[PDB]
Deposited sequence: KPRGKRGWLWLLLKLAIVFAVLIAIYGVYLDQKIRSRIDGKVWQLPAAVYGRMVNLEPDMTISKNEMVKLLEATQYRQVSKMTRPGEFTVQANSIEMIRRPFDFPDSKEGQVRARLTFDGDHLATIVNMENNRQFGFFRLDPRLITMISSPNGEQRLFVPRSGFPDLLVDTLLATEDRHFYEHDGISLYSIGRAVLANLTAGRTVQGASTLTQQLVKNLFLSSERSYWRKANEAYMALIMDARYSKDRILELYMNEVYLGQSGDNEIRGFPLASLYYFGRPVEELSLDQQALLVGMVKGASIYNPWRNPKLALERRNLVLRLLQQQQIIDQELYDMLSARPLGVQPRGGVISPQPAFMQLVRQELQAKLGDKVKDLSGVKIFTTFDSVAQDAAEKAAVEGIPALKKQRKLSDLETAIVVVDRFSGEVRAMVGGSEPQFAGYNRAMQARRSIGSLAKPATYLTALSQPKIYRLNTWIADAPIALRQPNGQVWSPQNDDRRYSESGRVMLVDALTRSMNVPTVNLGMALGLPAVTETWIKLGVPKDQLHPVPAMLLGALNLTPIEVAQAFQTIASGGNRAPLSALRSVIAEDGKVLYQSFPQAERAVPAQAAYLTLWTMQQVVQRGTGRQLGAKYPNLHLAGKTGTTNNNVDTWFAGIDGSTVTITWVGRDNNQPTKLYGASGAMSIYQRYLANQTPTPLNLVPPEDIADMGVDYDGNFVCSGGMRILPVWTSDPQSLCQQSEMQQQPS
């Protein structure tokens, strides 16, 4: 009964079938002649779209770099607009911009050169069962040149059934005749043990192609197939990131082993033997971008519905920006250890969210001080208290009443006591000796007593109505005199949507991460359109966004205006009582960034809002090239000058402040 027993056990493991996976792409870049991008700014964009920089390109996906230009072979892609193939373009640069996109094939010109998006990850529900015809032709021939399976039957049983010399040996004898030799290797190449990551087993050539190179197995270069085949006798000995000198002498060994049965000449060998390890030089992950992909799967469940379970072969198009995500992670993993050691802190975390200024598309996300971990997303689940970051919504309600509240209205700065008895004290405990401060020196310096004296005069039923227009949920707003100073609990994904209505000029655009979902045959299952609803007046969201340029240049965030004085950042620094949380919401010409820095156990941190999330931010700016903030004044905004006593004057004045007025002759009445 031995023969009958083993046969039934074989079919048990062999069965379990397959389907295709769904691919998740990033955003699409469109290169254009005379566009603001440098050569070193262009190599960091291609290297983030998974473009191997080689010294002699021969296969789609490789780009070389030259004197003052960049040659490249754009890999084929099926764009939602049209279907395109290879393109050999030579991007000639002109210093700080892009001159020409001459097509190398016939020295033609290009109107605008489209770039294929990057593959974030593949999702199946890993199934990843590429059939016997989905593997390259030089892959089986490279596995046979180093594993003659004209030998392959025993190797299958060792990986499949084992992690018993009698069982597996008898297993191989009955598997050889019962199954065809083309059904054998199809099960082998999809089950080989090729590496170990943490506690998860990297099995198969499909799943090991994405793990090591981040690209489908049908696109492996012949020097990358030799590395992946040379690591069948590897498994945490011959793998890179540990011994990237031993995987290399095994890579070259398989090449000269597979050039014996001639399929590579000496010119091709010296070419391939010189290319370094093509592995993604960051550390492969089984499930990459876990913080962002939580926002996508949530967006897929809501926007599609019950069809989210039948995603087979569909291409998913997101708004993920890869250059901004590399700079967001590079600042969290390298900034948090620099804050912990200086204050002798035991733990410390972070979260960073980047959205587009005018459209609300999410470009980056970081869930913690180790963004490549999984299990807790602090940018979507950590509900912290915003603190001093809730003043821009008090002054945005004052400034939306231009008949009575301007940038020079005098606010009282006297000791106050209310009934929640409550008596706020300034964040530095100092009081103005004149007894009053203007409405611009109150937000620039982030004063606590004037903000209450201004917030109590408007009434909380009005400061609450502003918070709802900005896009916070009605259930988080509990109206008490402490809300004015930031007794508000919001996740970094709700603070980024609040400061996006101020940054765009009042146009509330709902944050999104799905661009479009195209089925496998060409049918469009979902196509996103902008909403961009109007919330606050464009003249009140400019006077607030102007004052937020003073809180960066000479205000509480002046330490940024001394480092990037050309960008003209706008940003509010957030502090709390005893520094439980510290934020920094900063705005530049293109994106809104929200940073949080605090301890998960809710204890004090010793970090001040100008040294916590603000120091993580001035790293995020250094890891890329930001766009300057240029505020264009809307209609009816007219600059007027004030004298010493804070009155409008006809000409001169010791200070110039914008004023929302349709008849700038208000100074004629206030001069007299």
The answer, as deposited-sequence ranges with no C-alpha, is 1-24, 42, 151-154, 180-209, 223-228, 486-489, 742-747
